[PDB]
């Protein structure tokens, strides 16, 4: 993505974290912080545009940025355990790292199992008390978010094991089954099936509870993500504060990331080397690129200039969704 867009996303999310009351809104914003760090992992500040990836200056930028991702995860588990005030206290130390990292590269002119599992459970709580299709979709995407950030994680009772020993291997299938269920529930929440999606979340917490209890201690479909992009665009234009523009745009970048290797229902009989599928790859990369440019406008505070870019963004998702609509 764009380094300035994510760093100002971190700063704006740290700002809404201090203005939060319960642990859920601290957890969601902290996950939006981990979201901005993931999509801007391979980014590059405008100060370092002419340096090399092996340069010491750029090397320090990489670990200094992973220190930020590590600190975001530590604050997420504090927000996952319910320690709402110890998590907001960790956000205070988080702002010191974000500010010092931002200034050093200023424009010029997570991975914890128990945090995501407690996020999945807490997101299952916010799904059961959902009104419309928007919040169940966002919560289900936060579930796909937590499963993506804890992909290579490890339960506390299995770090000593072996990524080849079936005990850890059995943990890998049971967790990919979880991301599979989350994606199937998003597909129902995307098609407007509000009650059928919450019914899918019922059996989903069955998988979550059986998985969490087995390791406690002592994704995305193309049409599901495209309907998410289209639905998030509905939320963008019916809002007027930069944060909810930014959150919806990050859900758009979220939906484009989880369905990066996806395939429309019309194109699975083709090959990943046939140009009909190759045009689908660049055409989808054009979409994630436009979403990043609109986040930059929403991160700089330009609430309108970002919403203006969202209308032109809808022109791109509509032409893309129709050409692979079946």
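Residue numbers count along the first chain shown, from 1.
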* Count up the deposited residues without coordinates from residue 109 to residue 110 and drop the result into none, 1 to 3, 4 to 9, or 10 or more. => 10 or more
* Please say, as none, 1 to 3, 4 to 9, or 10 or more, how many residues of the deposited sequence are without coordinates in the interval between residue 218 and residue 219. => 10 or more
* Structure fact -> Looking only at C-alpha temperature factors in the entry, 160 to 168 or 243 to 251, the higher average sits in 160 to 168
* **Stretch with the greater mean C-alpha B-factor as recorded in the entry, comparing 65 to 73 against 52 to 60** => 52 to 60
* To do: Go through 135, 180, 93, 207 one by one and give the residue whose Cα B-factor in the PDB entry is largest.
  => 135
* To do: Could you check 310, 12, 303, 317 and tell me which one carries the biggest Cα B-factor in the deposited entry?
  => 303
* Hey, what third does residue 47 fall into on Cα B-factor, ranked over its chain? -> highest
* Is the Cα B-factor recorded for residue 7 in the lowest, middle or highest third of its chain? -> lowest
* Please place residue 38 in the lowest, middle or highest third of its chain by C-alpha B factor as given in the entry. => middle
* Asked: residue 99: which third of its chain by C-alpha temperature factor?
  -> lowest
* In terms of the CA temperature factor given in the entry, to which third of its chain does residue 297 belong: lowest, middle or highest? -> middle
